[PDB]
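Report on one structure; see the data block that follows.
Just so you know, all these numbers are worked out from the coordinates, no wet-lab data involved. Here Cβ is always computed from backbone atoms with ideal geometry, including for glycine, and neighbour counts include all displayed protein chains.
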Amino acid sequence: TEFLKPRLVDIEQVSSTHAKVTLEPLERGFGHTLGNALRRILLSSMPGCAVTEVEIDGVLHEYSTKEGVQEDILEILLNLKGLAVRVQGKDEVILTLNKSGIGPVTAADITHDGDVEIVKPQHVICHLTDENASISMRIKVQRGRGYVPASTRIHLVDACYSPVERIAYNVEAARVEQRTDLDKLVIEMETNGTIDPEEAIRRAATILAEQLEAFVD
Amino acid sequence: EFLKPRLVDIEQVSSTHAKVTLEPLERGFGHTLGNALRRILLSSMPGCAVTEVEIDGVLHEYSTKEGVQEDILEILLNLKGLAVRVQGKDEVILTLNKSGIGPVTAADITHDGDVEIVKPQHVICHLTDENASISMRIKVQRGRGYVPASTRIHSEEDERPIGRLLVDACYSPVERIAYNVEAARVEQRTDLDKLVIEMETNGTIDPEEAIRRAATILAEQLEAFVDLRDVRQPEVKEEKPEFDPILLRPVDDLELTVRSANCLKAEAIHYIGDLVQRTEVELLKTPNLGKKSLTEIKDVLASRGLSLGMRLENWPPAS
Amino acid sequence: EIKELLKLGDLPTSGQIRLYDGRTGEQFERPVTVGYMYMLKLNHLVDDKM
Amino acid sequence: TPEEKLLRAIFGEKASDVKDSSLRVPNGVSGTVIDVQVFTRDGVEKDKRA
Amino acid sequence: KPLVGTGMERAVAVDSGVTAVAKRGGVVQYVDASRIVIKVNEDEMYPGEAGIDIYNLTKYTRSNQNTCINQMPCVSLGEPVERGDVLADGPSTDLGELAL
Amino acid sequence: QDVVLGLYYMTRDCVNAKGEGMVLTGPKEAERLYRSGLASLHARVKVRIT
Amino acid sequence: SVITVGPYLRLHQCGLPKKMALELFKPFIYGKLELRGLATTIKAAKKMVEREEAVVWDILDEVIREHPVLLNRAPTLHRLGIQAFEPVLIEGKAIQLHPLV
């Protein structure tokens, strides 16, 4: 008829990017149900902006080599997925990497645009060897709900939109004075920094709530 | 930047069994609402089912009605599955009466404006001797999930009616749930999906009623999920009782005569924290108390160690 | 003779089917066997031993 | 003893000449009584319930 | 009752006393959770005293191991039984079969 | 026992399956890859590790 | 009593029945109880835990905390046949034993 909603919920955060939220006392089975369902939405269908396509300056194929770079073409592509991008009013922005010379290319070494915000200018993109070594390329960010692989693009970089790097829910037993077995739900989460774990969940749950706008009274 | 689903055809196919379908579904939400609905449908759904029962000439489950071919323990176990549905009411006591060599079905009950015997063929027991005769007070409440008989004694406090056989409570009308999302393209959309949630009732929840109150819980749960106020409790309760706790117990505990028992009902005195402070003065002037009537109260107050009529410039503190 | 009787019941010869974890709702890789086994409760019941 | 005596006097309990030896239900087990038997010495008077 | 059996279960149930087995064939006159009355057929019936075979059933009662030993009727009113038929199941017997 | 059949099945590889040949930033997005049904538990893969 | 599983355990603990732990630590509860003032006297404490007042459970969990118990199984062959664990309360009459041990 009427239900149980939790009390005492302590989010204990380690670093600003990583965080662990515990939340008791749920009715029986409600840890797994809220837990798994929030996990699914946190991982799969969560709006984000990552790098989707890359046209390079010097060479056409994903099996070629750039002079002045020890990072292979497949290598920098990996580094790109790991750059955390957030666009403001813009749905699509594309950046130019103009930097050259003996030494490593950070992200503060990117062009700084108006609706562009690099969450880590410290982030290591690729290294440059001796002499001059020229490198500037155009790399196009895209907007989407999820993680979209390079393979799913048929007519290229895996697009890791969602802010979630990792999620796990661990369900253990909680007692309410004279109730025997209730669930205590522990959510642990890591983010790409474009949004803090605490808020990630809020909207994560908000989404699922939105989907029930059809049945509740 | 998202869509939201809704429920197209709900397709009954039996009183017991029906496929409800949910059309506008995005990629993967199919299994997401789908598993998480099976989860909240198999458990958390409302249901009424017979809780206690008194039967004519029987004292406990392990006996034998004359002229019936079941044993009381079996007859209980037939009611556990008696499928009833009632409305405005929360607990309704149906009555069963029938004699003569003949199968007593569920239909043989008496009807209330709220009573709907969702299966009237349902066998309850068989009589078997012309003038053998049974009569019973079947009691139905309505709760959530599985309250087995046993846990239904910690509230005790006089359930004495020896006749009342408590039956384990199986309060739920889900039998078995199964969703399957087959893919469904609304004419233009790249790929959205369907969600056929097939379900199996006892007959006493109409699919739509269900699948709705199901989604409802999910909301109120996720409600607290949305923002996270780290919330907590005050705690640290009191370790300072002034008086002797004895004065917070009701006047029953005095184990007194009935004419003196209801009479303290009368003059507005429950707890003995009030009997303690009403003198002998107060008592002839009280409706129906006398020499034999009040001699009684000075003797059970004597035995527990208290007296009639005193003070306490502080009664009663404080929560 | 067992497999032949499985056909009539319209059930797979594997003796195995796919199952789905009730919690996460997802498939179990591999078939697991399901079936019916007559089982006893022996009277070393706990609340006599404890 | 002294302190037990003062205690009977403060609260007025009539310290009995008889001990409590009754058959009581063993901790943890709980059920319905379905039969009572009474066996009496030949020549002692059958009580009420017997 | 075992879905998977061997065939002996009918043999074990009967030869073990726990079940109530028809002495003489006839028809059921009366069925109570307490007793069962069999109106004997003419052929098996002795000339005098005539009468009927009456099986009084064992009801809820203590076993050696504190388990409960209780008999229940497995026939219905006015049913044909032949000699050596199962008239009532013991504990852990179903329909004449041994069900542990 | 149960627990070793566990790790074994996990850290075991088959010839050809989902995720064949792709490359990943670290373990974290490798779990992400599996939980979401994109990759097979056991499929040959280059990944960045530290 | 009989033992069962419990994979949810950390390796340094074990599942001990509410019922057992109540009886095992009985003098301890009688203690913490009149210490915090929830009982007037030991004879009251006796009546309280006999009563299984829900209040005591929150206490039992106090007296339980940094208080190891010893578990020992049938033929004690090497020193590992007795081992010490931190007790975790369980509904049920069985012991829960970490699978690795």
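Does C:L42 satisfy the condition of being more than 14 Å from chain B (Cβ to nearest Cβ), over 13 Å from the mean Cα position of the chain (by Cα), assigned to a loop (DSSP other than H, G, I, E, B) and not small (G, A, S)? Before the answer, list the steps.
Working: more than 14 Å from chain B (Cβ to nearest Cβ): yes; over 13 Å from the mean Cα position of the chain (by Cα): yes; assigned to a loop (DSSP other than H, G, I, E, B): yes; not small (G, A, S): yes.
Against the criterion (more than 14 Å from chain B (Cβ to nearest Cβ), over 13 Å from the mean Cα position of the chain (by Cα), assigned to a loop (DSSP other than H, G, I, E, B) and not small (G, A, S)), C:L42 qualifies.
Across segment B:259-283, what is the number of residues that are hydrophobic (A, V, I, L, M, F, W, C) and more than 23 Å from B:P317 (Cβ to Cβ)? Show your work before the answer.
To start, the set of residues in segment B:259-283 that are hydrophobic (A, V, I, L, M, F, W, C) comprises B:261, B:263-264, B:266, B:268-269, B:272, B:275-276, B:281, B:283.
Okay, now just the ones that are also more than 23 Å from B:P317 (Cβ to Cβ), so B:261, B:263, B:266, B:281, B:283.
Number of matching residues: 5.
Can you pull out every residue in segment B:177-205 that is assigned to a loop (DSSP other than H, G, I, E, B), within 24 Å of the chain's Cα centre (by Cα) and away from chain A (no Cβ under 14 Å)?
First pass over segment B:177-205, keeping only residues assigned to a loop (DSSP other than H, G, I, E, B): B:181-182, B:184-192, B:194-195, B:202-205.
Going one step further and asking which of them are within 24 Å of the chain's Cα centre (by Cα), we end up with B:202-205.
B:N202, B:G203, B:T204 - these are the residues of segment B:177-205 that are assigned to a loop (DSSP other than H, G, I, E, B), within 24 Å of the chain's Cα centre (by Cα) and away from chain A (no Cβ under 14 Å).
Can you go through G:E23, G:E53 and tell me which one is within 14 Å of chain C (Cβ to nearest Cβ) and out of contact with any strand residue (DSSP E or B) (no Cβ under 7 Å at 6 or more places or on another chain)?
Working: G:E53 fails: within 14 Å of chain C (Cβ to nearest Cβ).
After applying the criteria, what remains is G:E23.
None of E:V37, E:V28 is in contact with a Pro (Cβ under 9 Å, 6 or more places away or on another chain), outside any loop (DSSP other than H, G, I, E, B) and within 22 Å of B:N131 (Cα to Cα) except E:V28. Assessment of segment E:17-27 against the conditions (more than 30 Å from C:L40 (Cβ to Cβ) and either out of contact with any strand residue (DSSP E or B) (no Cβ under 9 Å at 6 or more places or on another chain) or of a type in the set (S, T, N, Q) (or both)) yields no matching residue. Taken over chain D, residues that are part of a loop (DSSP other than H, G, I, E, B), within 14 Å of chain B (Cβ to nearest Cβ) and of a type in the set (D, E, K, R) amount to 3. Here segment B:8-42 is the region considered, the condition is being under 31 Å from the mean Cα position of the chain (by Cα) and among the charged types (D, E, K, R), and the residue that is farthest from the other protein chains (Cβ to nearest Cβ) is B:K19. For the residues B:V86, B:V13, B:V53, the requirement of being in contact with a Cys (Cβ under 9 Å, 6 or more places away or on another chain) and not acidic (D, E) singles out B:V86. Within segment A:43-83, track down each residue that is assigned to a loop (DSSP other than H, G, I, E, B) and within 14 Å of chain B (Cβ to nearest Cβ). Within segment A:43-83, A:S44, A:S45, A:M46 qualify.
Scanning segment B:84-122 for residues that are assigned to a strand (DSSP E or B) and closer than 20 Å to B:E209 by Cβ returns B:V84, B:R85, B:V92, B:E116, B:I117. Out of all the residues in segment E:55-75, is one or more exposed (fewer than 12 other Cβ atoms within 10 Å of the Cβ), away from chain B (no Cβ under 14 Å) and either over 24 Å from C:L40 (Cα atoms) or touching a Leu at 6+ places or on another chain (Cβ under 9 Å) (or both)? No: zero hits. Residue pairs whose Cβ atoms lie under 6 Å apart, sitting 6 or more positions apart in sequence or on different chains, and linking a residue in segment B:287-303 that is among the charged types (D, E, K, R) to a partner that is assigned to a helix (DSSP H, G or I), are B:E296/B:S260.
Of all residues in segment A:139-173, those satisfying the criterion of being in a strand (DSSP E or B) and either among the aliphatic types (A, V, I, L, M) or loosely packed, with under 14 Cβ neighbours inside 10 Å (or both) are A:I139, A:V141, A:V148, A:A159, A:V164, A:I167, A:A168, A:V171, A:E172, A:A173.
Do the conditions hold for G:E86, that is, is it within 23 Å of C:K49 (Cα to Cα), away from chain C (no Cβ under 14 Å), among the charged types (D, E, K, R) and assigned to a helix (DSSP H, G or I)? It is false that G:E86 is within 23 Å of C:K49 (Cα to Cα), away from chain C (no Cβ under 14 Å), among the charged types (D, E, K, R) and assigned to a helix (DSSP H, G or I).
Out of F:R48, F:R35, one residue alone is within 10 Å of chain A (Cβ to nearest Cβ) and farther than 20 Å from A:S45 by Cα. It is F:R48.
Residue-by-condition table, conditions (1) of a type in the set (F, W, Y); (2) within 30 Å of G:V55 (Cα to Cα); (3) within 14 Å of chain A (Cβ to nearest Cβ):
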{"site": "B:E208", "(1), (2), (3)": "no, no, yes"}
{"site": "B:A219", "(1), (2), (3)": "no, no, yes"}
{"site": "B:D252", "(1), (2), (3)": "no, yes, no"}
{"site": "B:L283", "(1), (2), (3)": "no, no, no"}
{"site": "B:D299", "(1), (2), (3)": "no, no, no"}
{"site": "B:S303", "(1), (2), (3)": "no, yes, no"}
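Exactly one residue among E:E82, E:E49 is more than 19 Å from the chain's Cα centre (by Cα), more than 18 Å from D:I34 (Cα to Cα) and more than 14 Å from chain B (Cβ to nearest Cβ), and that residue is E:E49. Of everything in segment B:206-252 that is among the charged types (D, E, K, R) and not in a loop (DSSP other than H, G, I, E, B), the residue that is nearest to B:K298 (Cα to Cα) is B:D252. Filtering B:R213, B:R232, B:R249 for residues that are in contact with a strand residue (DSSP E or B) (Cβ under 9 Å, 6 or more places away or on another chain), of a type outside the set (G, A, S), over 30 Å from A:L23 (Cα atoms) and surrounded by 10 or more Cβ atoms within 10 Å (Cβ to Cβ) leaves a single hit, B:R249. Could you tell me whether E:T19 is surrounded by fewer than 16 Cβ atoms within 10 Å (Cβ to Cβ), closer than 21 Å to E:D94 by Cα and polar (S, T, N, Q)? Considered against the rule, which asks whether it is surrounded by fewer than 16 Cβ atoms within 10 Å (Cβ to Cβ), closer than 21 Å to E:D94 by Cα and polar (S, T, N, Q), E:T19 comes out as no. One residue stands out among those in segment C:1-39 that are part of a strand (DSSP E or B) and of a type outside the set (F, W, Y): the one that is nearest to the chain's Cα centre (by Cα), which is C:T33. There is at least one residue in segment A:115-129 that is within 14 Å of chain F (Cβ to nearest Cβ), under 22 Å from the mean Cα position of the chain (by Cα) and among the β-branched types (V, I, T).
F:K28 passes every criterion in (1) assigned to a helix (DSSP H, G or I); (2) surrounded by fewer than 14 Cβ atoms within 10 Å (Cβ to Cβ) apart from (2).
The test for being exposed (fewer than 12 other Cβ atoms within 10 Å of the Cβ) and either of a type in the set (D, E, K, R) or more than 30 Å from F:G6 (Cβ to Cβ) (or both) holds for G:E66. The residue that is farthest from B:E200 (Cα to Cα), counting only those in segment B:84-100 that are touching a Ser or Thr at 6+ places or on another chain (Cβ under 6 Å) and surrounded by 13 or more Cβ atoms within 10 Å (Cβ to Cβ), is B:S99.
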